[PDB]
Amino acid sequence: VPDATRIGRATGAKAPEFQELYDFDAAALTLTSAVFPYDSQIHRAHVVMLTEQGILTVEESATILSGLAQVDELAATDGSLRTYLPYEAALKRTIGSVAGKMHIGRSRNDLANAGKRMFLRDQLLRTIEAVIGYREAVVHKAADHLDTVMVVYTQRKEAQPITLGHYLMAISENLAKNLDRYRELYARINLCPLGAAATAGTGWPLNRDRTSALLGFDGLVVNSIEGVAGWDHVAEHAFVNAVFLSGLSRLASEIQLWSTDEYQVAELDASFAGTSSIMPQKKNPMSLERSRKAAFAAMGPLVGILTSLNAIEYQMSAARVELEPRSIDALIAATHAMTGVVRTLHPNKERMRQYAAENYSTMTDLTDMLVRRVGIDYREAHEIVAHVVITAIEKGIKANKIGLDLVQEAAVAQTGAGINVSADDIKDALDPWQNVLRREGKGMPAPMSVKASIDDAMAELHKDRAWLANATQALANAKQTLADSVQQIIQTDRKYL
């Protein structure tokens, strides 16, 4: 059946990235189900390590490892088996009492912290991947809009002329720093707490480095209390999500204002807009508002997690609040949605230029010209130009129609004196494109300057992608090593022992 929301001005299908905003809530796993497959990997890595340490024989190890595959399969459809003690009991019912030996030297506490880290680790790479895709859309969009003159706003008022490319490279710089935040967090998430057992380690001679390496961790959470009590990485994950999403909310809000009926300086692609069941004229920025909704919602986990940490001791505690799958899923959906919003955004170039030329954002350049040309101080020139604007608005004179006569009157009105500048001086100062070209320093909207930022961002994106590929490959390599090791044990036992 058709998408019944695609009626009237909501033509065609929702963009896939837009549809993600509708699907993640019902599709989200519980934390228990999301972490369960990582627990299964931990069982295997732990058992392999115990085998290397001689705590388990190869025969016992093979029996357990084969059982783990069988219980994993049962648990694919039986959710009751996805927490540890039910899982262990099912393993015991499957292979016998040797099942219990897989917990030697181990706790639910270090198992759980490690499993959640593995989950968050994968979700952090998933997030970094999405943020990179978002930055790619932003920078690649900017590269096409070096000449798209438009006003920048401060305090929701037209400030000065820039370009759309200039604006998008602000977002790129924001995302560059959020990627740093996420990679910095990744180094703290990707630490293995296994071997802490309950909170104090164990007398069993575990090799904590081997379990860590088998599970793709880059290091250990060393202190055993820190290994089970430590939760700051969960709080930090929630925070970076929240602050990253606050910037995504701000872009969404920016574009929503751009695409108001009143601004009309940009239009959402049809595939990122919805309509109204009652008002046929609506082209609703539903992608933007649902993206903002996720940003706002991300405040929740951050506060809950920090509240729970403020409520306890420096202990393992079952009262700690988690970062849950549905929260991350919402971030990914919003990030994907805004990636497509940016990619497909349709700027109204003509109206953007009209506002820049007509609505007085060029008055700074008029002021700077008076200082540069006649040498008066900035504050006196400012007062003259403000009077130019006040008078211009009163007389209905758009900025690009301000001439020598109006400027001289304002100078005389505020100063008693004329001012020695030409009509050409004023014309060039009020030309919004010349406003852009004159702003040619580092980080300023002149095409040459924005292009330099794009080049730099393109080189940084290459490093972003390389960092992600390296982190991902390290995990894939370890997971394959673990699988090989499991198979070796099971098969050697079957054929030779």
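When you see a residue number, it is the position in the sequence shown, counting from 1.
Taking the PDB entry as given, 415-423 carries the higher mean Cα B factor of the two stretches 415-423 and 150-158. Averaged over Cα atoms, the B-factor as recorded in the entry is higher for 378-386 than for the other of 252-260 and 378-386. Of all the options 436, 31, 28, 430, the entry's greatest CA B-factor is assigned to 430. In this PDB entry, residue 71 carries a Cα temperature factor that places it within the middle third of its chain's modelled residues. In this PDB entry, the Cα temperature factor of residue 270 sits in the middle third of its chain's modelled residues. Ranked within its chain, residue 129 lands in the middle third, by CA B factor from the PDB record. Per the deposited record, the Cα B-factor of residue 242 falls in the lowest third when ranked against the other modelled residues of its chain. In the deposited entry, the Cα temperature factor of residue 408 places it in the highest third of its chain's modelled residues.
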